[PDB]
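Summary of the model geometry
Given next are the chains, with one letter for each unit.
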Amino acid sequence: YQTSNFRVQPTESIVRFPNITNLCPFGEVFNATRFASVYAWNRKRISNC
Amino acid sequence: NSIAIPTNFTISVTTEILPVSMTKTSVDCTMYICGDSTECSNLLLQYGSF
Ligand SMILES: *[C@@H]1O[C@H](CO[C@@H]2O[C@@H](C)[C@@H](O)[C@@H](O)[C@@H]2O)[C@@H](O[C@@H]2O[C@H](CO)[C@@H](O[C@@H]3O[C@H](CO)[C@@H](O)[C@H](O)[C@@H]3O)[C@H](O)[C@H]2NC(C)=O)[C@H](O)[C@H]1NC(C)=O
């Protein structure tokens with residue numbers, strides 16, 4: 001006589017993303033020798049990393 | 001008067017198909033609709049009778 005199923009799930013699940021960033025040198029933008037003025041604030045993008 | 005009788009014949013053994021069974025899928029409700037979701041099964045158990 002059918003009793004029930006069993007929705008097993010050992011060690012839940014694993015979350016995986018690719019290897020570490022590539023072309024994200026945040027240091028030279030944030031530890032830069034060259035900063036900007038407040039009215040002349042710079043604008044540079046970070047992308048694909 | 002007229003008739004038609006075969007002098008000889010043939011044994012035309014051929015195909016014939018009568019599909020017997022299917023996939024007796026015992027599709028449950030609390031998991032098919034609600035996979036790893038206590039919320040979905042909670043909502044579906046009051047439907048119940050379905
Ligand atoms: C009715 O038809 C059969 C055979 O018919 C064939 O098979 C059917 C399933 C259908 O596909 C038909 O379209 C197809 O033609 C006749 O049988 C034949 O009989 C003759 C002799 O009566 C056989 O000849 C033989 O020859 C060897 C050679 O050495 C001799 O040694 C034998 O003693 C014999 O004489 C023949 O092989 C056989 N099969 C054929 C022709 O395919 C059947 O005779 C016919 N009925 C009448 C009344 O004609």
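Residues numbered from 1 in each chain as written, not as in the entry; some residues may be left out. Chains lettered and ligands numbered in written order. Part of a larger assembly, values for the part shown. Heavy atoms only, no water.

- Going by the annotation in the PDB entry, the name recorded for chain B is Spike glycoprotein, with Severe acute respiratory syndrome coronavirus 2 given as the source organism.

- In the nomenclature of the PDB entry, chain A corresponds to Spike glycoprotein from the organism Severe acute respiratory syndrome coronavirus 2.

Observations regarding the UniProt feature "disulfide bond" in chain B
- Between B:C34 and B:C40, where UniProt records a disulfide, the sulfur-sulfur distance comes to 2.0 Å, consistent with the annotated bond. Taken as a pair, B:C34 and B:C40 share a single burial class, namely buried. (Disulfide = S-S within 2.5 Å. UniProt positions renumbered as here; feature names shortened; annotations may be inferred. Buried < 20%, exposed > 50% of the residue type's maximum accessible area, 1.4 Å probe, protein only.)

Brief notes about the state of the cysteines
- Summed over all chains, the structure comprises 2 disulfides over all chains.
- Between A:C24 and A:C49 runs a disulfide, and the two sulfur atoms are separated by 2.0 Å. Because the sign of the S-S torsion sets the handedness, a value of about 100° for the bond joining A:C24 and A:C49 places this disulfide among the right-handed ones. Taken together, the residues A:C24 in the segment before α1 (26–30) and A:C49 in the segment after α1 connect sequence positions 25 residues apart.
- One disulfide bridge connects B:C34 with B:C40, the sulfur atoms lying 2.0 Å from each other. Disulfide B:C34-B:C40: torsion about the S-S bond near -45°, hence left-handed.
- Residue classification places B:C34 among the buried residues on the basis of a relative accessible area of 0%.
- For B:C40, a relative accessible area of 18% corresponds to the buried category.
- The structure places no disulfide on B:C29, whose sulfur is separated from the nearest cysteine sulfur, that of B:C34, by 7.2 Å.
- Residue classification places B:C29 among the partly exposed residues on the basis of a relative accessible area of 35%. (Helix = DSSP H or I, 4+ residues; strand = E, 2+ residues; numbered from the N terminus.)

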